[PDB]
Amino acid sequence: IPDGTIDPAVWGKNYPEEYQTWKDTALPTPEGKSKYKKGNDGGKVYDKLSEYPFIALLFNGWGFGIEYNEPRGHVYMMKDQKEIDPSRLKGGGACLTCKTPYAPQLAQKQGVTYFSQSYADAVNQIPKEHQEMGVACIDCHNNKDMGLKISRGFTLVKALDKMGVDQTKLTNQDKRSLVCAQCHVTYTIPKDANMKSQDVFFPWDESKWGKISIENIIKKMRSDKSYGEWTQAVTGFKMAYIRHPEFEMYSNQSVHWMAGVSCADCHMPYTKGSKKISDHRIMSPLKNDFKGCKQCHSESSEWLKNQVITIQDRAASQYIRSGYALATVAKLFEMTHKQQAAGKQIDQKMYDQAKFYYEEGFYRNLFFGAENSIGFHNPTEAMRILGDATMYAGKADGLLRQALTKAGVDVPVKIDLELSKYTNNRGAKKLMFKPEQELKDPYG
């Protein structure tokens, strides 16, 4: 209750159950319960570059092409960021924004330096005792009455203002998703001429409540060259990026959203006399016997598990197929640039159109692959996005094949992706392909 209290022990003194289950995200999750989200099952780390090998080629040229693991329980958020391969920490102090309760005051005390400083200096702004402290009670609760509060004013509230949302019209069921939307959103780190971070914002420009489309997000990402954060190595393109857009995906006219279901309904199941205790061991619903689903569905865990995986398998199929396709188009751009050096002249108009389409498909495939539900959050929308990804890839592929053939180059029907070179010997730790972790096309 007292002002200035970050210490979760003070908050949990009168809330022992919530305090205990909150701590319990430290526990390893049960193995063999989820098909696609196995992070920290039996303590294992899951390498997304080994589950989805094409991203090892597509994300090559910055941190995401070196180390990129499945997510774990909340308590590890700072620790896992501490041990991630240093390539990912090139984003600097901006990377504290959704990880430590110190982020708001540090942003407000350092100004632009908060984002632009090195990650190490950023962590050293935090007291040593608190430098591994993950999301705490104060991050989603106000200390006067408890009850949901958006701590992340400088990101989520600013984005909501961009959308024209009236904060005085936000219900508690809204906040039962908005407290997660403080971090389970896609973001942009604008960079200056030295490629140093200037801000963190959610690219919700020109979007409305319940309608943050991938089309709108892409249009914002394209709108400014400060929004180019990395260079794709295989293509040499300076590109923007999309990260874990759970809130944008789920709230975009999905079935459960339109039914009024909040993140917490599925991820914070409750136990009830008149006194309510919500489970704060936030995890995959597949891994706590669907206890949240069963508060509105009277079906067995077996029935619900079947519904989820039936949907995820179709979506994962399209994701993998469009992913190999986009990697093929990247390899085709590599060929194009190697032919340009060898004097072959390429039609500038077909090249420009292919590049535009390739970006459209890439950002679509990335929106899906970055999202942590494998389509279950918004099934048909996810498929729509992947379908367009598939479309745009084809457009780019065909264009490059024509233009290259018009310049006299022989384009093989099968482009070799050489994924072994991208999946292995990654970074300082020389991370290797783990073939047992590959999530193969369920319909291939």
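Just count from 1 along the sequence shown to find any residue number.
Trainee: What is the count, as a class, of unmodelled deposited residues between residue 272 and residue 273: none, 1 to 3, 4 to 9, or 10 or more?
Mentor: Unmodelled stretch: 1 to 3 residues, a short break.
Trainee: Mind pulling up the entry and telling me whether 345-353 or 304-312 has the higher mean Cα temperature factor?
Mentor: According to the PDB entry, the answer is 345-353.
Trainee: Between 364-372 and 219-227, name whichever shows the higher mean Cα B factor according to the PDB entry.
Mentor: Stretch with the greater average CA B-factor: 219-227.
Trainee: Quick one: which of 47, 41, 388, 381 shows the highest Cα temperature factor in the PDB entry?
Mentor: So the option with the highest C-alpha B-factor is 41.
Trainee: Go through 245, 210, 92, 153 one by one and give the residue whose Cα B-factor in the PDB entry is largest.
Mentor: Top of the list by C-alpha B-factor: 92.
Trainee: Sorting by Cα B-factor within the chain, modelled residues only, which third would residue 70 end up in: lowest, middle or highest?
Mentor: Ranked within chain, residue 70 CA B lands in the lowest tercile.
Trainee: What third of the chain, by the recorded C-alpha B-factor, contains residue 332?
Mentor: Middle third.
Trainee: Rank-wise, by C-alpha B-factor, drop residue 398 into the lowest, middle or highest third of its chain.
Mentor: For residue 398, the deposited C-alpha B-factor lands in the middle third.
Trainee: Lowest, middle or highest third: which one holds residue 184 when the chain's residues are ordered by CA B-factor from the entry?
Mentor: It belongs to the lowest third of the chain when residues are ordered by C-alpha B-factor.
Trainee: When the modelled residues of the chain are sorted by Cα temperature factor, does residue 358 land in the lowest, middle or highest third?
Mentor: Lowest third, going by the recorded CA B-factors of the chain.
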